[PDB]
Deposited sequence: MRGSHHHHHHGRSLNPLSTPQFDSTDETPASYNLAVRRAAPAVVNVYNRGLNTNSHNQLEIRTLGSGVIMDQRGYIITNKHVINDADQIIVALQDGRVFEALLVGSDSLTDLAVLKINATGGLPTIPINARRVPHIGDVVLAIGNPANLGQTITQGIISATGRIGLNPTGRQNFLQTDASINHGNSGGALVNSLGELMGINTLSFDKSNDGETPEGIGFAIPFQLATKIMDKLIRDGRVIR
């Protein structure tokens, strides 16, 4: 035992977890924990759930490495319950690994990462995903990880954890989430 290495998905945690953040509201002084989010690129864009940021007076985002920014709402999308936020990117933002060539398959191991410290759960893709139906997994998806990332054993993004037929959780496929993000960055709320 002392010699061998335990079976683990910590590799995927190290690669992906730095990019998953905590999202807060700062009403006026009161601070509330809204949910989780995912940093997508170096420009400083972040995906979360529309319900997380629906009634936010001031939106704060907190990385695992200690940094704390204020975020502005780029726009949202009610059908997929997504929302894009924006923050100034100090040189060096951790971003969620994305592989556009990677095709998710049923049975793929996935970790749901969310920051209520950080909390990670394991399952598989039960079913591959408005425009299209969503990705299903038996990894626990709750408020503490709603808006966070779902990743495979390599750390590659498979989807965005979402809330709301029992024992199964839902994520929005990363292909669709990317397209919704882009369209929200250009136009605003899009229909």
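Enquirer: Counting from 1 along the deposited sequence, give me every gap where there's no C-alpha, start to finish.
Expert: The deposited sequence has unmodelled segments at 1 to 23, 52 to 58, 147 to 149, 163 to 169, 205 to 213, 241.
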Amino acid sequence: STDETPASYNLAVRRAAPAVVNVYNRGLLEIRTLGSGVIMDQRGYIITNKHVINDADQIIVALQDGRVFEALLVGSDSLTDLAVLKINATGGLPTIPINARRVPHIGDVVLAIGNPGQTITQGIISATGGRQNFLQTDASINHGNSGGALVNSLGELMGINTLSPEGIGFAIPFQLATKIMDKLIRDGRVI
From here on, numbers count along this sequence of modelled residues.
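C-alpha atoms forming the largest set that superposes within 1.5 Å between two forms make up the rigid core.
Enquirer: Do the Cα atoms of 88 to 96 or of 106 to 114 sit farther, on average, from the shown structure in 4 other deposited structures of this protein when the rigid core is superposed?
Expert: Of 88 to 96 and 106 to 114, the stretch deviating more in 4 other deposited structures of this protein is 88 to 96.
Enquirer: C-alpha RMS from this form in 4 other deposited structures of this protein, rigid core superposed: larger for 136 to 144 or 63 to 71?
Expert: Stretch with the higher C-alpha RMS distance in 4 other deposited structures of this protein: 136 to 144.
Enquirer: Does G155 go missing in at least one third of the other entries compared here?
Expert: Result for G155: never missing in the compared entries.
Enquirer: Can you tell me whether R131 lacks a model in a third or more of the other compared entries?
Expert: Yes, left without coordinates in at least a third.
Enquirer: Per the entry, where is the mean C-alpha temperature factor higher: 75 to 83 or 99 to 107?
Expert: Between 75 to 83 and 99 to 107, it is 75 to 83.
Enquirer: For the C-alpha atoms alone, is the average B factor greater in 151 to 159 or in 52 to 60, going by the entry?
Expert: Of 151 to 159 and 52 to 60, the stretch with the higher C-alpha B-factor average is 52 to 60.
Enquirer: Sorting the chain's modelled residues by C-alpha B-factor, tell me whether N145 ends up in the lowest, middle or highest third.
Expert: It falls in the middle third of the chain.
Enquirer: Lowest, middle or highest third: where is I168 by C-alpha B factor in its chain?
Expert: For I168, the deposited C-alpha B-factor lands in the highest third.
Enquirer: Divide the modelled residues of the chain into thirds by Cα B-factor and specify which third, lowest, middle or highest, holds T90.
Expert: For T90, whose C-alpha B-factor we compare with every modelled residue in the chain, the answer is the highest third.
Enquirer: Sorting by Cα B-factor within the chain, modelled residues only, which third would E70 end up in: lowest, middle or highest?
Expert: Tercile = middle for this residue's CA B-factor.
Enquirer: Comparing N115 with the other modelled residues of its chain, is its CA B-factor in the lowest, middle or highest third?
Expert: For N115, the deposited C-alpha B-factor lands in the highest third.
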